[PDB]
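Scroll down for the structure; my scribbles are underneath it.
Bear in mind these aren't lab numbers, they're just calculated from the coordinates by the rules spelled out. Neighbour counts run over all protein chains shown; Cβ positions are idealised from the backbone, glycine included.
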Amino acid sequence: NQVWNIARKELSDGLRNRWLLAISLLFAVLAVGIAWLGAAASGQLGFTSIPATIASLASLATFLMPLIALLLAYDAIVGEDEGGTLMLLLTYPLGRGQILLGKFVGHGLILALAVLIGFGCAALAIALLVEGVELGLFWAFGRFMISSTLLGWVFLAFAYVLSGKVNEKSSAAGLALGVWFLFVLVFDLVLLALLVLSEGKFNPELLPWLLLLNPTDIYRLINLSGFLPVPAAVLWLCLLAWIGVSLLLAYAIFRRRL
Amino acid sequence: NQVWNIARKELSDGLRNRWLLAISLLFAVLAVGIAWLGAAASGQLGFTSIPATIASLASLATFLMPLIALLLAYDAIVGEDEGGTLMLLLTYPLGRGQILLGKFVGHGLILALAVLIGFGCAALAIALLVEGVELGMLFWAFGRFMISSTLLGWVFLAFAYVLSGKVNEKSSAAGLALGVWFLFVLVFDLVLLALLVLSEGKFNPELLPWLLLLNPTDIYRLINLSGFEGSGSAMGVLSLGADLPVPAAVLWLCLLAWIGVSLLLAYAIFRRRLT
Amino acid sequence: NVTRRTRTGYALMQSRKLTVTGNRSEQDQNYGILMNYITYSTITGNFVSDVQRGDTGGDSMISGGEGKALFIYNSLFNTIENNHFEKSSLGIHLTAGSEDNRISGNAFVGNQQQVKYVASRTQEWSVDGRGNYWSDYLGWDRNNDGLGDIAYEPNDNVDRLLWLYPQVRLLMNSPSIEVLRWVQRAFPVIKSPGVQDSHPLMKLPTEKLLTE
């Protein structure tokens with residue numbers, strides 16, 4: 001629709017601000033770090049092998065990319081309300097839903113462009129700097145682009161969910177760590193402990209499906225197929241469903257903001 | 001001075017915001033989970049060996065606490081300017097540095113009271129429900145851990161103030177805060193280690209142990225692992241410098257010195273902020 | 001040799017200087033390779049699979065009857081290498097004294113508990129930087145061919161989890177669980193079953209003898 005206007009608005013906000021030079025360069029410094037300085041434990045050297053630098057890169061991506069998302073869309077709604085600008089925008093012929101969708105699309109294009117520029121700079125660095133080990137990177141790094149971008153989008157939607165309920169931007173961050181904390185620490189630790197409590201009786205047929213209930217686990221499954229009960233296509237569809245339900249809940253909460 | 005008034009309003013913000021509940025609830029969930037739900041990585045579900053919890057919990061804290069402090073403090077200066085209440089406050093008879101230190105003490109007391117509350121639920125949680133721990137070692141270990149964690153919170157608060165004074169808008173402040181967070185934990189360790197391994201086969205062996213002082217995240221880890229804790233075998237990164245940066249008060253002085261230089265940097269930047 | 005549907009695939013008892021190279025044990029029961037006081041030997045090439053337990057009828061042998069791929073006993077000097085032990089109820093049961101034995105290049109896949117070392121001495125099953133495939137081994141091959149950075153310190157509990165719930169490896173590759181494990185391999189939790197392979201293997205050897 002016409003959400004494109006809001007989308008370009010936060011695109012201009014991202015370019016005018018220092019995110020793009022601090023989110024794309026964020027990946028640029030680490031990705032070259034993980035690819036050449038990431039085997040420093042026993043022998044500093046480079047591009048050991050594509051699936052090696054991908055595993056550590058994905059492991060740090062789980063820790064940091066969700067956190068970037070939660071730090072990009074907590075002030076997205078509540079921040080405008082504090083600024084008093086949200087209401088003037090709500091006067092326009094847009095409505096509750098289109099504002100949220102437009103901001104989501106804009107921030108998602110911010111994250112997608114950042115991923116493309118930074119990991120693409122890392123990939124061209126891999127190609128040029130290192131020997132012609134392999135170039136058909138495309139499947140591995142391209143799947144990394146898509147998976148990291150979708151993970152960023154799903155945690156962006158969670159940030160919209162939490163923001164649309166908090167009334168003071170400062171309190172929004174407090175409920176932003178909570179969502180980040182639950183998926184990073186609480187889910188894995190609690191799931192493992194529950195498995196340990198149920199010695200042999202957890203019914204292991206339904207453990208892979210419980211792994212679906214965490215976007216981080218889905219993202220780590222996606223970048224672990226270099227050569228499982230859950231099809232790869234379903235492994236994508238589930239993350240897409242996470243995004244859809246998160247955006248539906250964010251729209252539902254936003255409608256009753258005032 | 002009038003500093004206490006600004007710290008009082010910051011503490012009042014802490015209660016009126018879910019922050020004080022959120023920081024303490026999640027931090028206590030951290031602490032309790034590592035003791036009972038933790039150690040399940042090896043399959044031994046529940047035990048509260050004090051050396052383990054204060055080390056795994058220590059690493060999870062050296063990741064969590066800097067981020068929490070940065071989230072609290074990045075918008076202390078830029079947030080007021082965007083809100084439109086900063087110009088009003090300067091009209092009062094308050095020095096720019098005076099309000100800066102007031103905000104610093106307010107956020108620092110927020111996080112200190114928060115960690116005290118959160119582990120206070122934890123400290124009882126072990127003591128009452130565990131079987132036969134020597135309470136004295138537990139007490140002094142968690143005491144060093146509480147004070148180290150709150151000191152790291154303060155140093156990252158000061159980093160947030162300096163970056164906020166540098167920045168012009170809230171979102172860019174958050175971006176720089178995230179950059180400063182990522183840099184210390186993931187990059188100051190990795191680049192430094194890589195430095196020994198290849199830049200230094202025999203290039204300059206003697207310098208690497210001391211440089212770990214620059215990063216407060218490393219100082220914090222060394223303080224909480226080395227300790228008086230028995231079976232003190234340090235793995236990679238820490239073992240260089242675990243043996244001897246000659247301390248037991250030197251690391252504490254260095255951490256306080258980082259907080260000091262950062263507060264002076266914040267006073268300097270915030271003085272020249274306008275125009 | 002080929003032993004199928006037995007109650008002990010290979011009973012190598014009280015002997016010396018033999019070669020058991022190239023043998024193959026199929027779905028046996030209660031034991032795969034039982035070695036008593038077998039010294040100065042060149043055990044190689046064996047393949048042991050699905051050594052079922054003593055479960056017939058309505059019964060349970062509590063704390064007993066568990067199948068074993070290799071029951072190595074009192075055999076001080078051997079040259080065990082290049083063996084595939086799979087789908088067993090236990091592997092490399094090591095009692096009495098078996099010091100100076102050279103174990104390397106083996107493959108242990110899908111075991112309920114991969115080792116039951118009991119001696120109070122330290123023995124490294126890695127001659128000349130070559131360990132064992134160790135399906136339970138959790139992560140870490142950062143150098144391209146550095147065989148492994150973490151030494152495979154066996155824990156009986158994690159072995160049970162990694163067999164019944166095979167997805168738990170994913171759950172234990174999270175950076176948070178990773179740093180927890182980094183702190184549990186530094187401050188020992190669970191007293192060290194002594195066996196420790198300084199150089200475990202990430203590639204799966206014994207691929208030639210999988211199906212022949």
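Go through (1) within 14 Å of chain B (Cβ to nearest Cβ); (2) under 15 Å from the mean Cα position of the chain (by Cα); (3) surrounded by 20 or more Cβ atoms within 10 Å (Cβ to Cβ) for C:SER176 and report which single condition fails.
So C:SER176 meets the others, but not (2).
Got a sec? Which of A:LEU137, A:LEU156 is surrounded by 15 or more Cβ atoms within 10 Å (Cβ to Cβ) and either within 27 Å of A:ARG257 (Cα to Cα) or among the small types (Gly, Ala, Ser) (or both)?
Within the list A:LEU137, A:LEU156, the selection yields A:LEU156.
Let me spell it out: the conditions are (1) under 21 Å from B:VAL191 (Cα atoms); (2) buried (at least 16 other Cβ atoms within 10 Å of the Cβ), and B:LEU225 meets all of them except one. Which number is the exception?
(1)
With respect to C:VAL183, determine if the residue is within 12 Å of chain B (Cβ to nearest Cβ) and either crowded, with 21+ Cβ neighbours inside 10 Å or within 17 Å of the chain's Cα centre (by Cα) (or both).
In short, yes.
For the structure I just gave you, tell me whether B:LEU196 is aliphatic (A, V, I, L, M), surrounded by 17 or more Cβ atoms within 10 Å (Cβ to Cβ) and out of contact with any helix residue (DSSP H, G or I) (no Cβ under 6 Å at 6 or more places or on another chain).
no
Would you be able to say whether some residue in region A:196-206 is of a type outside the set (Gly, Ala, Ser) and farther than 15 Å from C:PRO166 by Cα?
Looking for residues that are of a type outside the set (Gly, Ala, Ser) and farther than 15 Å from C:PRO166 by Cα, one finds at least one in region A:196-206, hence yes.
Can you confirm whether A:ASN203 is farther than 16 Å from A:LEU64 by Cβ, surrounded by fewer than 21 Cβ atoms within 10 Å (Cβ to Cβ), out of contact with any strand residue (DSSP E or B) (no Cβ under 8 Å at 6 or more places or on another chain) and within 14 Å of chain B (Cβ to nearest Cβ)?
no
Going through region B:28-38 one residue at a time, which ones are buried (at least 21 other Cβ atoms within 10 Å of the Cβ) and in contact with a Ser or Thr (Cβ under 9 Å, 6 or more places away or on another chain)?
B:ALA31, B:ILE34, B:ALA35, B:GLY38
Read through the list (1) among the charged types (D, E, K, R); (2) surrounded by 20 or more Cβ atoms within 10 Å (Cβ to Cβ); (3) under 14 Å from the mean Cα position of the chain (by Cα), then give the number of the only condition that B:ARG144 fails.
(2)
Anything in region A:163-178 that is crowded, with 24+ Cβ neighbours inside 10 Å and under 13 Å from A:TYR251 (Cα atoms)? List them, or say none.
A:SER163
Sort out which residues of region A:23-66 are hydroxyl-bearing (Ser, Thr, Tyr) and assigned to a helix (DSSP H, G or I), and write them in order of number.
A:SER24, A:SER42, A:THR53, A:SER56, A:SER59, A:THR62
Suppose the filter is in contact with a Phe, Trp or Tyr (Cβ under 7 Å, 6 or more places away or on another chain) and surrounded by 18 or more Cβ atoms within 10 Å (Cβ to Cβ); does B:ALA266 pass it?
Against the criterion (in contact with a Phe, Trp or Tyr (Cβ under 7 Å, 6 or more places away or on another chain) and surrounded by 18 or more Cβ atoms within 10 Å (Cβ to Cβ)), B:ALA266 qualifies.
Which condition number in (1) within 14 Å of another protein chain (Cβ to nearest Cβ); (2) not in a loop (DSSP other than H, G, I, E, B) is the one that C:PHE108 fails?
C:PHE108 satisfies all of (1) within 14 Å of another protein chain (Cβ to nearest Cβ); (2) not in a loop (DSSP other than H, G, I, E, B) except (1).
Among the residues of region C:114-134, are any touching a strand residue (DSSP E or B) at 6+ places or on another chain (Cβ under 6 Å), within 14 Å of chain B (Cβ to nearest Cβ) and farther than 22 Å from B:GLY236 by Cα?
Scanning region C:114-134, I find at least one residue that is touching a strand residue (DSSP E or B) at 6+ places or on another chain (Cβ under 6 Å), within 14 Å of chain B (Cβ to nearest Cβ) and farther than 22 Å from B:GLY236 by Cα, so the answer is yes.
Can you pull out every residue in region C:1-27 that is over 20 Å from C:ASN82 (Cβ atoms) and in contact with a strand residue (DSSP E or B) (Cβ under 7 Å, 6 or more places away or on another chain)?
Across region C:1-27, the qualifying residues are C:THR6, C:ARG7, C:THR8, C:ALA11, C:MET13, C:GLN14, C:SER15, C:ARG16, C:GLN27.
A:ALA61 versus (1) farther than 19 Å from A:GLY142 by Cβ; (2) more than 7 Å from every other protein chain (Cβ to nearest Cβ): which is the lone unmet condition?
Single failed check for A:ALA61: (1).
Any chance region C:145-164 includes a residue that's in a loop (DSSP other than H, G, I, E, B), in contact with a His (Cβ under 8 Å, 6 or more places away or on another chain) and surrounded by fewer than 16 Cβ atoms within 10 Å (Cβ to Cβ)?
No - not one qualifying residue is present in region C:145-164.
When you scan region B:76-122, how many residues do you find that are surrounded by 18 or more Cβ atoms within 10 Å (Cβ to Cβ), more than 15 Å from B:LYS9 (Cβ to Cβ), out of contact with any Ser or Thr (no Cβ under 7 Å at 6 or more places or on another chain) and not charged (D, E, K, R)?
2
Would you confirm whether any residue within region B:1-22 is of a type in the set (S, T, N, Q), surrounded by fewer than 19 Cβ atoms within 10 Å (Cβ to Cβ), more than 14 Å from chain C (Cβ to nearest Cβ) and part of a helix (DSSP H, G or I)?
The answer is yes, given that some residue of region B:1-22 is of a type in the set (S, T, N, Q), surrounded by fewer than 19 Cβ atoms within 10 Å (Cβ to Cβ), more than 14 Å from chain C (Cβ to nearest Cβ) and part of a helix (DSSP H, G or I).
Please determine, by comparing only the residues of region A:197-228 that are among the polar types (S, T, N, Q) and closer than 29 Å to A:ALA52 by Cα, which one is nearest to the chain's Cα centre (by Cα).
Restricting to residues being among the polar types (S, T, N, Q) and closer than 29 Å to A:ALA52 by Cα, the top hit is A:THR216.
Residues checked against (1) under 12 Å from the mean Cα position of the chain (by Cα); (2) part of a strand (DSSP E or B):
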site: C:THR6; (1), (2): no, no
site: C:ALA11; (1), (2): no, yes
site: C:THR21; (1), (2): no, no
site: C:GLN27; (1), (2): no, no
site: C:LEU34; (1), (2): no, yes
site: C:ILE38; (1), (2): no, yes
site: C:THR42; (1), (2): no, no
site: C:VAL48; (1), (2): yes, yes
site: C:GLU66; (1), (2): no, no
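How many residues, within region A:39-49, are buried (at least 19 other Cβ atoms within 10 Å of the Cβ) and either more than 7 Å from chain B (Cβ to nearest Cβ) or in contact with a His (Cβ under 7 Å, 6 or more places away or on another chain) (or both)?
3
Regarding region A:174-196, can at least one residue be identified that is over 16 Å from the mean Cα position of the chain (by Cα), within 14 Å of chain B (Cβ to nearest Cβ) and farther than 25 Å from B:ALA22 by Cβ?
Looking through region A:174-196, at least one residue is over 16 Å from the mean Cα position of the chain (by Cα), within 14 Å of chain B (Cβ to nearest Cβ) and farther than 25 Å from B:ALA22 by Cβ.
Among the residues of region B:225-246, write down those that are within 11 Å of another protein chain (Cβ to nearest Cβ) and on the phi < 0 side of the Ramachandran plot.
B:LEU225, B:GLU229, B:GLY230, B:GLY232, B:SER233, B:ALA234, B:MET235, B:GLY236, B:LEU238, B:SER239, B:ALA242
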